[PDB]
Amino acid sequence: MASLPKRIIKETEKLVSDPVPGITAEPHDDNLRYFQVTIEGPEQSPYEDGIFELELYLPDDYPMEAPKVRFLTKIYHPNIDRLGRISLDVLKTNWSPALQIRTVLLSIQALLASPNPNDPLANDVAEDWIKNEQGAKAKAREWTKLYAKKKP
């Protein structure tokens, strides 16, 4: 089996037991460091009518090293690229062992709520987001309907 740090196990369990509102995370049976994640597109945002899928993996040196996350659902966002990759401070310079999975996912949800074209990951998207903001909001709302699972 190859044991799991008391940290992970406690976090895994509490994610189900004390789940983050609008978010789910559970491990792959064959890899308990690998998580299936869904995040509800914030209410009032351009992604409100959808549920987005992400995957996450805890590296060995976690929590010293931040966990790995990326979107599986195709999404229109200045800070998320064509492969689901995310550019968020907590996942990088601002990672800290005080932080945890739930904080990160919370943060990714927060990122959907308030975009930031000024420090983009997908410049083509970012440009549309600066040049024509409301129109981008529309492309995002459309893409949500096209690629995200509809919120029941």
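Sequential numbering from 1, following the sequence displayed.
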- Query: Per the entry, where is the mean C-alpha temperature factor higher: 57-65 or 80-88?
  - Reply: 57-65
- Message: Using only modelled residues of the chain, where does the Cα B factor of residue 123 rank: lowest third, middle third or highest third?
- Response: lowest
- Third of the chain, ranked by Cα B-factor, where residue 103 sits: lowest
- Message: Based on the deposited C-alpha B factors for this chain, I'd like to know if residue 47 is in the lowest, middle or highest third.
- Response: highest
- Here the Cα B-factor of residue 38, set against its chain, lands in the third termed lowest
- Task: Would you mind checking where the Cα B-factor of residue 94 ranks among the modelled residues of its chain, as the lowest, middle or highest third?
- Result: highest
